[PDB]
Every structure is written in C-alpha cells, then in structure tokens.
$ cat input-v9.cif   # mmCIF, N, CA and C atoms
data_input
loop_
_atom_site.label_atom_id
_atom_site.label_comp_id
_atom_site.auth_asym_id
_atom_site.auth_seq_id
_atom_site.Cartn_x
_atom_site.Cartn_y
_atom_site.Cartn_z
N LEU A 1 102.33 75.56 99.18
CA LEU A 1 101.30 76.30 98.40
C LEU A 1 101.71 77.76 98.27
N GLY A 2 101.04 78.48 97.37
CA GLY A 2 101.34 79.90 97.14
C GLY A 2 102.63 80.09 96.34
N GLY A 3 103.06 79.04 95.64
CA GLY A 3 104.28 79.10 94.83
C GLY A 3 105.49 79.45 95.70
N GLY A 4 106.27 80.43 95.25
CA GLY A 4 107.46 80.86 95.98
C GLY A 4 107.08 81.73 97.17
N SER A 5 108.08 82.04 98.01
CA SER A 5 107.86 82.87 99.19
C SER A 5 108.80 84.06 99.19
N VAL A 6 108.31 85.20 99.66
CA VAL A 6 109.11 86.42 99.73
C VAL A 6 110.20 86.28 100.81
N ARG A 7 109.81 85.73 101.96
CA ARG A 7 110.76 85.55 103.07
C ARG A 7 111.20 84.09 103.18
N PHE A 8 112.46 83.86 102.87
CA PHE A 8 113.06 82.52 102.90
C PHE A 8 114.46 82.56 103.49
N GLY A 9 114.94 81.40 103.93
CA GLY A 9 116.28 81.29 104.52
C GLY A 9 117.35 81.21 103.43
N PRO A 10 118.64 81.09 103.78
CA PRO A 10 119.73 81.00 102.76
C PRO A 10 119.71 79.68 102.00
N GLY A 11 120.14 79.72 100.74
CA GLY A 11 120.17 78.53 99.90
C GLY A 11 120.43 78.91 98.44
N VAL A 12 120.32 77.92 97.55
CA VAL A 12 120.54 78.15 96.12
C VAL A 12 119.39 78.96 95.50
N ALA A 13 118.25 79.04 96.19
CA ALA A 13 117.10 79.78 95.69
C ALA A 13 117.23 81.26 96.04
N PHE A 14 117.66 82.05 95.06
CA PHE A 14 117.83 83.49 95.24
C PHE A 14 117.33 84.24 94.00
N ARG A 15 117.12 85.55 94.12
CA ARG A 15 116.65 86.36 93.00
C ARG A 15 117.55 86.17 91.78
N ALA A 16 117.03 86.49 90.59
CA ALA A 16 117.81 86.34 89.37
C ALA A 16 119.08 87.20 89.45
N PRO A 17 120.18 86.81 88.81
CA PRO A 17 121.44 87.60 88.87
C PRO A 17 121.19 89.07 88.53
N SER A 18 121.58 89.94 89.45
CA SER A 18 121.41 91.38 89.29
C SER A 18 122.69 92.01 88.76
N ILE A 19 122.58 93.25 88.28
CA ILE A 19 123.75 93.97 87.76
C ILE A 19 124.77 94.10 88.89
N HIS A 20 124.28 94.51 90.05
CA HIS A 20 125.11 94.65 91.25
C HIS A 20 125.23 93.31 92.00
N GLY A 21 124.41 92.32 91.61
CA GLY A 21 124.43 91.00 92.25
C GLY A 21 125.85 90.42 92.25
#
$ encode --input "input-v9.cif" --output "structure tokens"
Amino acid sequence: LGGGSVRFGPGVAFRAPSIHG
C-alpha cells in the first residue's frame, strides 16, 4: 500500500535516468 516507497533496497527500481545518473 501507499504506492512506491522512498526508502528501498537495491534493484531495478530506481529514480528516472538523471543527467548525472
């Protein structure tokens, strides 16, 4: 519940590609 989470472990789920990403 609560959709996505701010604090998560490593995996394919990461922030959108950043300029510095």
$ atom_distance --input "input-v9.cif" --atom1 "atom N of residue 18 in chain A" --atom2 "CA of residue 3 in chain A"
21.1 Å
$ atom_distance --input "input-v9.cif" --atom1 "atom C of residue 1 in chain A" --atom2 "CA of residue 16 in chain A"
20.3 Å
$ atom_distance --input "input-v9.cif" --atom1 "CA of residue 19 in chain A" --atom2 "atom N of residue 4 in chain A"
23.3 Å
$ axis_aligned_box --input "input-v9.cif" --around "range 9-14 of chain A" --padding-each-side "8 Å" --output "lines of an AutoDock Vina configuration file"
center_x = 117.7
center_y = 81.1
center_z = 99.3
size_x = 21.6
size_y = 22.3
size_z = 26.5
$ build_atoms --input "input-v9.cif" --residues "range 5-20 of chain A" --atoms "N, CA, C and O atoms" --output "short mmCIF file (atom, residue, chain, number, x, y, z; two decimals), keeping the file's coordinate frame"
data_model
loop_
_atom_site.label_atom_id
_atom_site.label_comp_id
_atom_site.auth_asym_id
_atom_site.auth_seq_id
_atom_site.Cartn_x
_atom_site.Cartn_y
_atom_site.Cartn_z
N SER A 5 108.08 82.04 98.01
CA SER A 5 107.86 82.87 99.19
C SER A 5 108.80 84.06 99.19
O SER A 5 109.96 83.94 98.77
N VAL A 6 108.31 85.20 99.66
CA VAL A 6 109.11 86.42 99.73
C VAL A 6 110.20 86.28 100.81
O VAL A 6 111.35 86.67 100.59
N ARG A 7 109.81 85.73 101.96
CA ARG A 7 110.76 85.55 103.07
C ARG A 7 111.20 84.09 103.18
O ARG A 7 110.40 83.21 103.52
N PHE A 8 112.46 83.86 102.87
CA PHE A 8 113.06 82.52 102.90
C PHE A 8 114.46 82.56 103.49
O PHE A 8 115.10 83.62 103.53
N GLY A 9 114.94 81.40 103.93
CA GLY A 9 116.28 81.29 104.52
C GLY A 9 117.35 81.21 103.43
O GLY A 9 117.01 81.25 102.24
N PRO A 10 118.64 81.09 103.78
CA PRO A 10 119.73 81.00 102.76
C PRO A 10 119.71 79.68 102.00
O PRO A 10 119.31 78.65 102.55
N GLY A 11 120.14 79.72 100.74
CA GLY A 11 120.17 78.53 99.90
C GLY A 11 120.43 78.91 98.44
O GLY A 11 120.71 80.07 98.14
N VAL A 12 120.32 77.92 97.55
CA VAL A 12 120.54 78.15 96.12
C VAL A 12 119.39 78.96 95.50
O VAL A 12 119.55 79.50 94.40
N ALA A 13 118.25 79.04 96.19
CA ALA A 13 117.10 79.78 95.69
C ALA A 13 117.23 81.26 96.04
O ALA A 13 116.93 81.67 97.17
N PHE A 14 117.66 82.05 95.06
CA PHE A 14 117.83 83.49 95.24
C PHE A 14 117.33 84.24 94.00
O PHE A 14 117.15 83.62 92.94
N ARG A 15 117.12 85.55 94.12
CA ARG A 15 116.65 86.36 93.00
C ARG A 15 117.55 86.17 91.78
O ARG A 15 118.69 85.74 91.91
N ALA A 16 117.03 86.49 90.59
CA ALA A 16 117.81 86.34 89.37
C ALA A 16 119.08 87.20 89.45
O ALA A 16 119.06 88.24 90.12
N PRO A 17 120.18 86.81 88.81
CA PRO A 17 121.44 87.60 88.87
C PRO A 17 121.19 89.07 88.53
O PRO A 17 120.66 89.39 87.46
N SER A 18 121.58 89.94 89.45
CA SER A 18 121.41 91.38 89.29
C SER A 18 122.69 92.01 88.76
O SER A 18 123.76 91.39 88.79
N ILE A 19 122.58 93.25 88.28
CA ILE A 19 123.75 93.97 87.76
C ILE A 19 124.77 94.10 88.89
O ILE A 19 125.95 93.79 88.72
N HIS A 20 124.28 94.51 90.05
CA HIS A 20 125.11 94.65 91.25
C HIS A 20 125.23 93.31 92.00
O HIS A 20 126.05 93.18 92.91
#
